[PDB]
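What you see below is based on every heavy atom in this structure, not just the backbone, and it leaves out hydrogens, waters and symmetry mates. For ligands, and for the atoms within them, numbers begin at 1 and follow the listed sequence. Just so we're on the same page: letters track the sequence lines, and every chain starts at 1.
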Amino acid sequence: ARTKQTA
Amino acid sequence: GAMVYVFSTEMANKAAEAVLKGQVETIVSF
Amino acid sequence: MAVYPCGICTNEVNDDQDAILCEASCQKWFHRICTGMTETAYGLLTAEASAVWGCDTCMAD
Ligand SMILES: [Zn+2]
Ligand SMILES: [Zn+2]
C-alpha cells in the first residue's frame with residue numbers, strides 16, 4: 001500500500 | 001503480482017496483530 | 001493551503017508524517033493517527049506490495 005513510509 | 005488485496009483499517013490492525021503471532025494466512029473470497 | 005488535506009482532519013499530510021493513501025477509492029491521503037491505524041498495521045501495509053487500504057467511508061460503500 002502507498003504510504004509515506006513507501007520507498 | 002496483478003492481484004490487489006484491499007484492507008480496511010480494522011482488517012489491517014487485526015492482520016498486523018496476527019502477523020506478530022505468526023498467523024499470516026487470510027482466505028481469499030469473491 | 002494544503003496540497004494533500006487529510007481525508008479526516010483536513011490538515012496537510014506532510015511527507016514526514018505517518019500517512020496512507022486511500023487507494024481503494026477516494027484517493028485522499030489520511031494521517032495514520034486520524035484513521036486509528038496502529039504503527040504495526042501501517043508498517044505491514046507499507047510492506048505489502050499487493051495490498052491497498054481503503055478509508056472507513058470508502059469501505060462502507
Ligand atoms: Zn489527519
Ligand atoms: Zn477513501
Can you give the donor-acceptor pairs under 3.5 Å from side chains of residues 1-14 of chain C to other protein atoms, not counting sequence neighbours?
unit_1: C/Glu12; atom_1: OE1; unit_2: C/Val3; atom_2: N; d: 3.2
unit_1: C/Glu12; atom_1: OE1; unit_2: C/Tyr4; atom_2: N; d: 2.7
unit_1: C/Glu12; atom_1: OE2; unit_2: C/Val3; atom_2: N; d: 2.8

Legend entry - Check: C/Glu23 side chain, A/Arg2 main-chain N or O, donor-acceptor pair, under 3.5 Å: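 The answer is yes, because a donor-acceptor pair under 3.5 Å joins these two groups.
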Legend entry - Donor-acceptor contact below 3.5 Å, side chain B/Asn13 vs main chain C/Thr38: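 Such a contact is found between B/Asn13 side chain and C/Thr38 backbone.
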Legend entry - Metal-centred angle, the Zn ion (ligand 2) as apex - SG of C/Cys22, SG of C/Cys55, 10° resolution: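 Between SG of C/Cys22 and SG of C/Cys55, at the Zn ion (ligand 2), the angle is about 120°.
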Legend entry - Vertex the Zn ion (ligand 2), rays to SG in C/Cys58 and SG in C/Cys26 - rounded to 10°: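 It is 110°, given to the nearest 10°.
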Inset, instruction - Using only heavy-atom distances, determine whether the side chains of A/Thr3 and C/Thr46 contain a donor-acceptor pair under 3.5 Å. - result: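 Yes, because at least one side-chain N or O of A/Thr3 sits under 3.5 Å from a partner of the opposite role on C/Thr46.
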Inset, instruction - State whether B/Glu17 and B/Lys21 are salt-bridged, where the test is any N-O pair (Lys NZ or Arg NE/NH1/NH2 against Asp/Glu carboxylate O) under 4.0 Å. - result: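 No, no charged N to carboxylate O under 4.0 Å.
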Inset, instruction - Tell me, yes or no, whether the heavy-atom count around C/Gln27 atom CD, taken from other residues, nucleotides or ligands under 6.0 Å, exceeds 12. - result: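 Atom CD in C/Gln27 is packed in, count exceeds 12.
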Inset, instruction - Please indicate whether A/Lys4 has more than 12 foreign heavy atoms, meaning atoms of other residues, nucleotides or ligands, lying under 6.0 Å from its NZ. - result: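 Enclosed: over 12 neighbouring heavy atoms sit under 6.0 Å from NZ of A/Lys4.
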Inset, instruction - Can you check the number of protein N/O/S atoms within less than 2.8 Å of the Zn ion (ligand 1)? - result: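 N, O or S atoms of the protein closer than 2.8 Å: 4.
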